[PDB]
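Chains as they are written, first to last, in the deposited numbering: chain F, 2 to 210; chain N, 3 to 147; chain f, 2 to 64; chain S, 2 to 125. Structure first, then comments.
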RNA sequence: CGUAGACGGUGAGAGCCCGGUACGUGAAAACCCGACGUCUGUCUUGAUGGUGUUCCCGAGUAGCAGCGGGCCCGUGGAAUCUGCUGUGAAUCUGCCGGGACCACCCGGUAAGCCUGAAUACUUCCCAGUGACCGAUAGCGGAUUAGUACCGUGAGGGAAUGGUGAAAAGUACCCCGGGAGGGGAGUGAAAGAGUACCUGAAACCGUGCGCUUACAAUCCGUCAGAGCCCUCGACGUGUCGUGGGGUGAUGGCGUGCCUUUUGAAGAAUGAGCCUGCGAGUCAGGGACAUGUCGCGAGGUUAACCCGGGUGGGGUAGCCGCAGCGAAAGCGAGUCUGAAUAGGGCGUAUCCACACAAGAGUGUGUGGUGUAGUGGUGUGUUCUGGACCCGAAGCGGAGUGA
RNA sequence: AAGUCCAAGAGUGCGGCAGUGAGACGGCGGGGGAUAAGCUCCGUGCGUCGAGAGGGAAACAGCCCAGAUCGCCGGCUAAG
RNA sequence: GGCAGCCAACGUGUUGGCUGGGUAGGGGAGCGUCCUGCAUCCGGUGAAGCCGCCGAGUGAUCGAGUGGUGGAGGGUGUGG
Ligand SMILES: [Mg+2]
Ligand SMILES: [Mg+2]
Ligand SMILES: [Mg+2]
Ligand SMILES: [Mg+2]
Ligand SMILES: [Mg+2]
Ligand SMILES: [Mg+2]
Ligand SMILES: [Mg+2]
Ligand SMILES: [Mg+2]
Ligand SMILES: [Mg+2]
Ligand SMILES: [Mg+2]
Ligand SMILES: [Mg+2]
Ligand SMILES: [Mg+2]
Ligand SMILES: [Mg+2]
Ligand SMILES: [Mg+2]
Ligand SMILES: [Mg+2]
Ligand SMILES: [Mg+2]
Ligand SMILES: [Mg+2]
Ligand SMILES: [Mg+2]
Ligand SMILES: [Mg+2]
Ligand SMILES: [Mg+2]
Ligand SMILES: [Mg+2]
Ligand SMILES: [Mg+2]
Ligand SMILES: [Mg+2]
Ligand SMILES: [Mg+2]
Ligand SMILES: [Mg+2]
Ligand SMILES: [Mg+2]
Ligand SMILES: [Mg+2]
Ligand SMILES: [Mg+2]
Ligand SMILES: [Mg+2]
Ligand SMILES: [Mg+2]
Ligand SMILES: [Mg+2]
Ligand SMILES: [Mg+2]
Ligand SMILES: [Mg+2]
Ligand SMILES: [Mg+2]
Ligand SMILES: [Mg+2]
Ligand SMILES: [Mg+2]
Ligand SMILES: [Mg+2]
Ligand SMILES: [Mg+2]
Ligand SMILES: [Mg+2]
Ligand SMILES: [Mg+2]
Ligand SMILES: [Mg+2]
Ligand SMILES: [Mg+2]
Ligand SMILES: [Mg+2]
Ligand SMILES: [Mg+2]
Ligand SMILES: [Mg+2]
Ligand SMILES: [Mg+2]
Ligand SMILES: [Mg+2]
Ligand SMILES: [Mg+2]
Ligand SMILES: [Mg+2]
Ligand SMILES: [Mg+2]
Ligand SMILES: [Mg+2]
Ligand SMILES: [Mg+2]
Ligand SMILES: [Mg+2]
Ligand SMILES: [Mg+2]
Ligand SMILES: [Mg+2]
Ligand SMILES: [Mg+2]
Ligand SMILES: [Mg+2]
Ligand SMILES: [Mg+2]
Ligand SMILES: [Mg+2]
Ligand SMILES: [Mg+2]
Ligand SMILES: [Mg+2]
Ligand SMILES: [Mg+2]
Ligand SMILES: [Mg+2]
Ligand SMILES: [Mg+2]
Ligand SMILES: [Mg+2]
Ligand SMILES: [Mg+2]
Ligand SMILES: [Mg+2]
Ligand SMILES: [Mg+2]
Ligand SMILES: [Mg+2]
Ligand SMILES: [Mg+2]
Ligand SMILES: [Mg+2]
Ligand SMILES: [Mg+2]
Ligand SMILES: [Mg+2]
Ligand SMILES: [Mg+2]
Ligand SMILES: [Mg+2]
Ligand SMILES: [Mg+2]
Ligand SMILES: [Mg+2]
Ligand SMILES: [Mg+2]
Ligand SMILES: [Mg+2]
Ligand SMILES: [Mg+2]
């Protein structure tokens with residue numbers, strides 16, 4: 002039920018945005034969103050790790066020597082695991098690491114993280130990052146500094162607004178994401194989440210029905 | 003303000019894997035297999051009994067046939083109509099699917115298990131005699147499709 | 002790959018409404034003349050499988 | 002994620018080899034033979050830690066018996082009389098008395114003999 | 001400074017030192033694309049729906065049979081498709097199919113031919129990425145690598161990276177035939193000297209401390225004299241809550257592992273060190289148990305839109321009613337002639353009655369019924385499936 | 001009917017995970033053998049070893065005593 | 001005198017009582033290695049590795065205690 006003031010790059014405010022409590026006042030669920038972020042990073046894991054088993058390494062077809070009478074260990078090929086240059090036994094092969102959590106688990110984790118930010122006044126709405134027609138990291142940085150003192154911020158902007166995302170892209174602690182792409186991992190990174198009026202309205206309207 | 007390092011699995015969620023054959027402190031030199039035999043290196047199939055006639059071979063096959071032309075019905079008991087419809091009214095198959103009493107595309111037969119008290123107009127593929135008596139003795143009417 | 006049901010056991014075993022697995026008694030397919038009818042009728046219908054065999058039959062049935 | 006198992010492997014090696022100093026032969030040089038010796042060493046240390054309390058009691062009894070027989074009394078009668086008299090000094094300090102100052106041992110033998118039956122072979 | 005805080009290099013962690021990055025700009029020629037014309041072709045000596053018959057509608061084909069192949073279908077009652085052999089029709093009130101077959105109905109129009117897209121792959125080229133390896137690893141191949149080498153031949157098939165920031169790579173002198181060193185210099189360092197980062201262990205010496213040549217030793221452990229070193233105190237050498245080294249001597253004492261009723265065993269294995277070498281992974285698999293979300297519901301699969309891990313996707317799947325071989329009936333149902341017993345089913349509990357104490361039943365009320373989807377663990381199924389090991393079997397080749 | 005009952009860590013039922021299915025000697029009851037075997041085959045709310053350390057039997061898995069949580073330079077005992 | 005497992009009492013961390021040999025095997029809780037998300041800290045005034053000294057823990061082991069060597073990366077917390 003929070004009422005976040007919308008703030009303009011001039012240092013002023015225009016109005017306020019109502020945050021529905023079914024969407025920004027949810028009790029957080031540490032275990033649930035632990036599972037959600039762990040599944041997220043599992044999907045990010047490029048599992049491109051591979052070895053060669055006993056039969057994939059080069060050579061090894063021959064039996065190295067006679068099986069009896071030589072006074073030596075019985076050896077079936079030179080590519081056996083115990084050999085130098087031999088095959089790896091239970092070694093890595095490529096894996097897909099994504100796991101498919103239910104939709105409402107993901108949605109609830111989103112709402113819980115955003116509620117966690119809202120309870121502590123870490124959600125901001127702004128008309129836009131910088132006055133348009135041209136990117137400017139200097140002025141957008143100054144405005145964002147007035148807006149917050151913390152290190153990491155999410156900057157949730159609509160996809161069409163390129164001048165804004167360009168002017169905030171090169172700040173070291175700033176992460177830019179689209180409202181329809183919002184996930185629990187990026188909002189838990191951020192100390193503050195800085196919406197735009199359009200992006201806040203868009204996220205509200207995508208969950209208003 | 004919960005951050006990514008404040009996240010933790012629920013107590014009792016994650017159990018440690020049992021790494022076996024990693025010393026005599028836990029499970030070593032046999033990895034819980036005991037000494038030699040068939041079972042010391044491979045397995046035994048579940049349908050093996052030692053060469054005596056297995057359980058699935060000394061017993062008769064169940065009598066009968068399957069009747070591929072079976073007409074199966076998804077069944078509602080009359081007592082659920084009370085809960086689903088506090089006032090009664092017209093109740094077809096598809097406004098009975100919305101209440102989650104049957105599956106979406108199937109043949110529906112109504113059975114008379116509970117007790118029906120409201121004025122209802124039931125339409126269904128088939129009815130029970132007890133169900134029909136309950137429908138009409140409570141003041142409603144029932145028609146097949 | 003998806004598990005395979007053991008076909009020879011499915012045509013021999015069946016589950017009831019609660020979930021107990023039933024059976025068919027043996028020694029009733031031929032050589033019937035010398036068997037009294039009391040033995041013949043104590044040998045028909047279903048009977049629940051033993052608790053000792055319930056573990057393997059379950060694995061054969063579910064595959 | 003391949004591990005090179007040498008950081009962890011060397012730790013117990015250094016422990017056992019440092020414990021095996023002074024061992025004659027290759028039981029102080031090779032980790033395997035030193036480990037085999039450490040097994041016996043710690044079992045022997047347990048065994049002898051348990052039996053040291055019996056070895057020292059043996060030594061105290063021997064010293065007490067010699068001192069008592071110098072005082073013209075048997076060991077067994079001496080401790081029987083000390084039990085009868087209620088003087089309840091253990092064999093350790095009774096051996097320190099036998100060695101360090103024999104006059105107190107003589108007096109204590111006097112007490113033990115004074116507190117002893119007029120017939121030690123009497124049917125009672 | 002930032003539309004550039006990607007990544008490298010530079011004498012050690014560089015957005016502002018270099019190459020670059022963000023962002024823009026550039027092609028004479030060749031090639032790949034479209035687009036507009038010549039060009040090419042066709043249609044218009046011509047259109048349209050009617051009214052009534054004869055001809056035509058893919059022939060050594062269909063069908064039929066024998067022997068096979070393949071279909072979920074292993075010859076079965078065996079259709080559909082199909083090869084070899086034999087026999088061998090009709091042109092539409094025909095012919096084929098609808099799991100032997102027949103009748104009726106329905107669907108279609110074989111024995112003529114072309115056909116894009118959605119689908120499979122990567123020798124090669126470009127650009128990237130990795131909770132991938134990091135020199136016994138990763139390709140066999142970071143270096144002469146399919147090389148050296150082994151084989152007549154098919155073929156088999158290695159080992160070898162690191163000076164320093166920069167060669168500044170030791171001028172000159174001395175011993176030595178040289179090799180090697182010692183001074184001197186270079187260098188931050190030469191405990192960096194082209195035998196070169198770090199430089200472990202096995203193994204090999206040299207110096208010092210204690211001990212050991214009348215002694216039967218799984219080589220230790222417990223007690224222990226003497227000597228040596230060290231830390232305190234008082235003092236000036238002897239104790240002390242001491243600590244180390246070595247040990248004359250005394251008690252006790254039969255290696256480790258495998259496998260066995262039982263091994264110190266004269267059963268197996270192991271010369272030593274260092275590096276390596278064995279329960280792993282896939283799957284809406286199955287069963288059980290934790291944990292989480294939603295809950296009489298739970299969840300999507302392919303797929304579509306997102307430079308992402310996000311959002312849509314109801315097809316299906318599991319729960320929701322059972323009994324029966326089945327037709328079927330349904331809180332019942334099957335058997336049976338049976339309101340006559342039994343089987344299975346009606347979550348579970350509570351009470352009040354009505355009947356028998358042959359194990360309690362029946363009925364009226366009440367309470368109301370729990371699943372599913374992620375994910376951890378154990379076991380399991382299909383896969384080389386914890387790792388190693390035959391003699392041998394098959395295919396194609398190489399050799400007198 | 002009691003006992004044990006801050007324990008036997010006891011029964012029974014359901015389930016998850018097993019290993020085992022080569023036993024040895026000694027006491028008592030027996031078959032085979034020659035009323036031989038450190039033989040072989042059975043019975044035993046018999047024991048110990050297996051899977052048991054410590055004390056005794058000179059040494060000596062299976063005999064006697066006694067069941068090792070650790071420490072002590074305390075005491076009392078068991079078989080002997 | 002120290003530890004631990006089961007249970008009980010007040011009560012909410014203590015105390016008490018019983019118990020703590022063990023192979024196949026079952027269960028529980030942990031040590032050390034490496035790679036990583038997030039958070040912090042250390043490091044050419046010298047990281048890692050190695051060699052020691054002096055210590056520590058019930059065990060695997062530890063030493064953000066110290067020296068020698070060394071020359072560029074490491075520690076810790078909480079998850080994967
Ligand atoms: Mg091969
Ligand atoms: Mg040999
Ligand atoms: Mg082979
Ligand atoms: Mg390799
Ligand atoms: Mg999705
Ligand atoms: Mg796993
Ligand atoms: Mg073991
Ligand atoms: Mg072992
Ligand atoms: Mg097991
Ligand atoms: Mg074995
Ligand atoms: Mg065996
Ligand atoms: Mg076995
Ligand atoms: Mg199978
Ligand atoms: Mg047979
Ligand atoms: Mg089947
Ligand atoms: Mg019959
Ligand atoms: Mg009959
Ligand atoms: Mg010594
Ligand atoms: Mg950089
Ligand atoms: Mg035709
Ligand atoms: Mg066929
Ligand atoms: Mg056929
Ligand atoms: Mg074609
Ligand atoms: Mg290599
Ligand atoms: Mg190296
Ligand atoms: Mg190689
Ligand atoms: Mg040649
Ligand atoms: Mg100099
Ligand atoms: Mg140096
Ligand atoms: Mg060298
Ligand atoms: Mg070097
Ligand atoms: Mg001498
Ligand atoms: Mg002797
Ligand atoms: Mg000795
Ligand atoms: Mg001896
Ligand atoms: Mg053998
Ligand atoms: Mg053996
Ligand atoms: Mg034998
Ligand atoms: Mg041997
Ligand atoms: Mg020998
Ligand atoms: Mg053998
Ligand atoms: Mg040997
Ligand atoms: Mg190797
Ligand atoms: Mg799996
Ligand atoms: Mg059925
Ligand atoms: Mg009948
Ligand atoms: Mg009945
Ligand atoms: Mg649940
Ligand atoms: Mg599970
Ligand atoms: Mg061959
Ligand atoms: Mg030839
Ligand atoms: Mg009792
Ligand atoms: Mg007990
Ligand atoms: Mg028990
Ligand atoms: Mg057997
Ligand atoms: Mg047997
Ligand atoms: Mg026996
Ligand atoms: Mg015998
Ligand atoms: Mg006898
Ligand atoms: Mg006999
Ligand atoms: Mg015998
Ligand atoms: Mg016996
Ligand atoms: Mg055994
Ligand atoms: Mg013993
Ligand atoms: Mg025993
Ligand atoms: Mg006795
Ligand atoms: Mg006494
Ligand atoms: Mg006695
Ligand atoms: Mg206690
Ligand atoms: Mg124990
Ligand atoms: Mg005990
Ligand atoms: Mg064990
Ligand atoms: Mg470490
Ligand atoms: Mg970490
Ligand atoms: Mg720093
Ligand atoms: Mg320096
Ligand atoms: Mg490292
Ligand atoms: Mg230094
Ligand atoms: Mg250091
Ligand atoms: Mg972990």
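Virtual Cβ for every residue (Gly too), placed ideally from N, Cα, C.
Which word fits residue i, buried or exposed, when buried means at least 16 other C-beta atoms lie within 10 angstroms of its C-beta?
i, result
"residue 4 (chain S)", "exposed"
"residue 125 (chain F)", "buried"
"residue 74 (chain F)", "exposed"
"residue 59 (chain N)", "exposed"
"residue 168 (chain F)", "buried"
"residue 67 (chain N)", "exposed"
"residue 55 (chain N)", "exposed"
"residue 114 (chain F)", "buried"
"residue 50 (chain N)", "exposed"
"residue 33 (chain S)", "exposed"
"residue 73 (chain S)", "exposed"
"residue 27 (chain S)", "exposed"
For residue i, tell me which candidate among the options has the shortest Cα-Cα distance.
i, options, result
"residue 30 (chain f)", "N:97, N:44, N:63, N:93", "N:63"
"residue 188 (chain F)", "F:55, F:198, F:153, F:199", "F:153"
"residue 166 (chain F)", "F:61, F:88, F:4, F:130", "F:130"
"residue 197 (chain F)", "F:178, F:185, F:210", "F:178"
Quick check on DSSP: helix, strand or coil for residue i?
i, result
"residue 155 (chain F)", "strand"
"residue 23 (chain f)", "strand"
Report task. Could I get the ranges of all uninterrupted beta strand (DSSP E) runs contained in the segment 100–142 of chain N, with 3 residues as the minimum, in chain order? Result -> The beta strand (DSSP E) runs lying completely inside the segment 100–142 of chain N and spanning 3 residues or more are 110–113, 121–126, given in chain order.
Query raised in the report: Mind listing which residues of the segment 42–63 of chain f have their C-beta closer than 9 Å to chain N's C-betas, in chain order?
Result: 47, 50, 54, 57, 58, 60, 61
Query raised in the report: If you scan the segment 3–46 of chain S from start to end, which runs of the alpha helix (DSSP H) of 4 or more residues do you find wholly inside it?
Result: 7–20
Query raised in the report: What residues from the segment 48–66 of chain N come within 9 Å of chain f, judged by C-beta to C-beta, listed N to C?
Result: 48, 49, 51, 56, 57, 58, 59, 60, 61, 62, 63, 64, 65
Query raised in the report: Which residues, in order along the segment 5–27 of chain N, keep a beta-carbon less than 8 Å from a beta-carbon of chain F?
Result: Of all residues in the segment 5–27 of chain N, 5, 6, 8, 9, 10, 11, 12, 15 have a Cβ within less than 8 Å of some Cβ in chain F.
Requested in this report: For the segment 3–27 of chain f, enumerate the residues whose C-beta is nearer than 7 Å to any C-beta of chain N, in chain order.
Outcome: 7, 9, 10, 12, 13, 15, 24, 25, 27
Requested in this report: Mind listing, in chain order, the continuous beta strand (DSSP E) runs of no fewer than 3 residues lying wholly within the segment 42–100 of chain N?
Outcome: Secondary structure in the segment 42–100 of chain N: the beta strand (DSSP E) runs of 3 residues or longer, each lying completely within the stretch, are 76–79, 90–93 in chain order.
**Report entry** Cβ-based contacts, 8 Å cut-off: residues of the segment 19–36 of chain F near chain N
**Finding:** 29, 31, 32, 34, 35, 36
Query raised in the report: Which runs of the alpha helix (DSSP H), 4 residues or longer, sit entirely within the segment 69–149 of chain F?
Result: 104–120, 138–148
**Report entry** Interface positions of the segment 169–193 of chain F facing chain N (Cβ-Cβ less than 8 Å), listed along the chain
**Finding:** 186, 189, 190, 192
Query raised in the report: At a Cβ cut of 7 Å, what residues of the segment 34–62 of chain F count as close to chain N, listed as they run along the chain?
Result: 34, 35, 38
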